[PDB]
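So the structure is just underneath, and the comments pick up after that.
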Amino acid sequence: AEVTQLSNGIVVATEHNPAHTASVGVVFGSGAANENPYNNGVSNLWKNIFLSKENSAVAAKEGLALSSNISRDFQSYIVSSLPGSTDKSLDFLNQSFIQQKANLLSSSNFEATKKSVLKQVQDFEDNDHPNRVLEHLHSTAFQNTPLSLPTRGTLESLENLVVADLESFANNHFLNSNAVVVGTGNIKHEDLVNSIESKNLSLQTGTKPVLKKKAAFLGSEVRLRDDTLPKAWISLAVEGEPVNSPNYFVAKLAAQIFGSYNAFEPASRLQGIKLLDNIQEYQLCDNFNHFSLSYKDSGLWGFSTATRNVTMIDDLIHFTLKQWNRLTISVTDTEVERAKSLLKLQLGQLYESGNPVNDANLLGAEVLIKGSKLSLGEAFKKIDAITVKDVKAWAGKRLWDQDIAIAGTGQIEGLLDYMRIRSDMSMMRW
Amino acid sequence: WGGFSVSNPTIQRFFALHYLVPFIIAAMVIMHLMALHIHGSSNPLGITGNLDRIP
């Protein structure tokens, strides 16, 4: 199992499991959710300078690999290396987060980096519809609230950003109190904690970041109708459960019940999902996936989907929502059992991956909120505990007759009004 | 009239017919509806309503 965490002057957390490489990186407890409408896309802008060609060559010669990640709740800068070169990493991490906090931001590099993410983001809004719709789902579900800020940042606030903004953010967020350095792969705990404690100092210690206003959900919808697109992508959700919630898993199990489906992959159509009977007769969609996005303040439970059957979208939604109704009144026992097995399975492949850069992002995010990583074995214990009765209570609070967030793009003329869809959140009774 | 003037025959066939026509009107209505249904209702702007519909 493992997972060990110790303080010092800063807080360190590691997880070693003798495999191939080993990665070390600094994960900051602030991210997209800590930005503003006008400075939005600043973190995604740091991510690209840290991954700049200038800095990439410096670590490439030294035999390292750089990996950055920008999320809502957090931010991460990770360096991969061989098991032995575990010290080569820290000397680069520190070089770029202390020495080169004056370099890099030098023009000719910033302008190059900015022109590149400005295109990178313009490509995303023109092509990656599924993820764009999801981004807009957050945008409307949590509108005028922290969580509503898109990770890559807007295309406008991006071209208004100058070095100063980058610096201001770093000075306000990249701090000792709001940070966690992590190490996964095969590097031992005592090896890191000491190598870090070698070079003392603090660098803005005792400084706390500017707080804000708790994120909130709002029943709303955003429809980006584009008739020139060949499909209709849509995502829909309700207020979910935040990480470190009594129902963190109960909610995650409910999503696994309806799961994911790809109409073109033979095995997918054979799944044990009652909904798949209703959707395959007239092929209501090409694919769909259910999720249970959790964050520090709130979350989103619902599903995403793409469809070519533009004249029958109303049924896609109808059947899909009639199934969600079941979780409050008729979810069977074997539906819950199947979910557990498949939850455990997909949950395991998530934690137990052959890439430490994944493991890092998972260790950091957790210890950066609850201050400790929940062992995979401990999870299974909770998952197997969950009863049919549990799923129904959760559904009664979260799902039954509750507001919803809708977002769509492409040929969505057939997606009926908010009130029509909202109505399906329940069923008639005597 | 069915007679020299408005008398019994007139009033009795008139009730008979007063009962019958309503059912024809009803039929005539379903046609009014079928004719409505292929183009849908218009709207106050007098322009096309195809761009923004609601069930």
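Residue numbers start at 1 in each chain; chains themselves are named A, B, ... in the order of the structure tokens; ligands are numbered from 1 in the order shown.
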
- Task: Find the residues in chain B near chain A: any atom within 9 Å counts, using only C-alpha atoms. Write them as a VMD selection string.
- Result: chain B and resid 52 to 55

- Message: Give me, as a count of residues only, all polymer residues having an atom no more than 7 Å from residue 15 of chain A, counting only C-alpha atoms and skipping those fewer than 2 positions away in the same chain.
- Response: 6

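Shortest separation to residue 367 of chain A among A:34, A:352, A:99, A:243 occurs at residue A:243, atoms counted being only C-alpha atoms.
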
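Closest to residue 303 of chain A among A:412, A:342, A:192, A:404 is A:404, based on only C-alpha atoms.
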
- Message: Using only C-alpha atoms, which protein or nucleic acid residues come within 8 Å of residue 36 of chain A? Drop anything in the same chain fewer than 3 positions from it, and give the result as a PyMOL selection string.
- Response: chain A and resi 39-40+146+149

- Task: Quick one: everything within 10 Å of residue 76 of chain A, counting only C-alpha atoms, minus sequence neighbours fewer than 3 positions away in the same chain. Send it as a PyMOL selection string.
- Result: chain A and resi 25-31+43+47+67-71+179-182+360-361+364-365

- Item | alpha helix (DSSP H) call set, DSSP backbone run, segment 112-154 of chain A, as a PyMOL selection string | chain A and resi 112-127+129-141

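Relative to atom CA of residue 215 of chain A, atom CA of residue 145 of chain A is found at 5.2 Å.
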
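Atom CA of residue 321 of chain A is positioned 22.5 Å from atom CA of residue 242 of chain A.
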
- Query: Within 12 Å of segment 45-51 of chain B, counting only C-alpha atoms, which residues qualify if same-chain residues fewer than 3 places away don't, as JSON, numbers by chain?
  - Reply: {"A": [225, 227, 413], "B": [39, 40, 41, 42, 54]}

If you keep N, CA, C and O atoms, can you produce a file of those selected residues as a PDB file, in the first residue's frame?
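The new file out_39.pdb reads:
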ATOM      1  N   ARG A 225     -25.667  26.182 -30.218  1.00  0.00           N
ATOM      2  CA  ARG A 225     -26.170  25.521 -31.422  1.00  0.00           C
ATOM      3  C   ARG A 225     -25.376  25.796 -32.688  1.00  0.00           C
ATOM      4  O   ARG A 225     -25.274  26.933 -33.131  1.00  0.00           O
ATOM      5  N   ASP A 227     -25.437  24.329 -36.475  1.00  0.00           N
ATOM      6  CA  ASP A 227     -26.023  23.473 -37.504  1.00  0.00           C
ATOM      7  C   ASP A 227     -25.013  22.959 -38.531  1.00  0.00           C
ATOM      8  O   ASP A 227     -25.303  22.020 -39.282  1.00  0.00           O
ATOM      9  N   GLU A 413     -31.195  21.322 -32.209  1.00  0.00           N
ATOM     10  CA  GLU A 413     -32.547  21.871 -32.353  1.00  0.00           C
ATOM     11  C   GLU A 413     -33.545  20.919 -31.710  1.00  0.00           C
ATOM     12  O   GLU A 413     -34.574  21.343 -31.182  1.00  0.00           O
TER      13      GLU A 413
ATOM     14  N   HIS B  39     -48.548  23.497 -41.570  1.00  0.00           N
ATOM     15  CA  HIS B  39     -47.761  24.733 -41.581  1.00  0.00           C
ATOM     16  C   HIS B  39     -47.556  25.350 -40.195  1.00  0.00           C
ATOM     17  O   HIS B  39     -46.722  26.236 -40.007  1.00  0.00           O
ATOM     18  N   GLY B  40     -48.322  24.871 -39.224  1.00  0.00           N
ATOM     19  CA  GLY B  40     -48.226  25.397 -37.878  1.00  0.00           C
ATOM     20  C   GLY B  40     -48.854  26.770 -37.810  1.00  0.00           C
ATOM     21  O   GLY B  40     -49.242  27.332 -38.829  1.00  0.00           O
ATOM     22  N   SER B  41     -48.979  27.307 -36.605  1.00  0.00           N
ATOM     23  CA  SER B  41     -49.555  28.627 -36.441  1.00  0.00           C
ATOM     24  C   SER B  41     -48.582  29.697 -36.911  1.00  0.00           C
ATOM     25  O   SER B  41     -47.394  29.430 -37.139  1.00  0.00           O
ATOM     26  N   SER B  42     -49.101  30.892 -37.151  1.00  0.00           N
ATOM     27  CA  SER B  42     -48.230  31.980 -37.536  1.00  0.00           C
ATOM     28  C   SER B  42     -47.830  32.627 -36.199  1.00  0.00           C
ATOM     29  O   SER B  42     -47.824  31.959 -35.153  1.00  0.00           O
ATOM     30  N   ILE B  54     -41.033  26.118 -29.517  1.00  0.00           N
ATOM     31  CA  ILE B  54     -41.172  25.562 -28.157  1.00  0.00           C
ATOM     32  C   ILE B  54     -42.407  24.651 -28.178  1.00  0.00           C
ATOM     33  O   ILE B  54     -43.482  25.068 -28.609  1.00  0.00           O
TER      34      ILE B  54
END

- Message: For the structure I just gave you, how does DSSP split segment 173-421 of chain A - specifically, which residues are strand (DSSP E)? Reply as a count of residues only.
- Response: 47
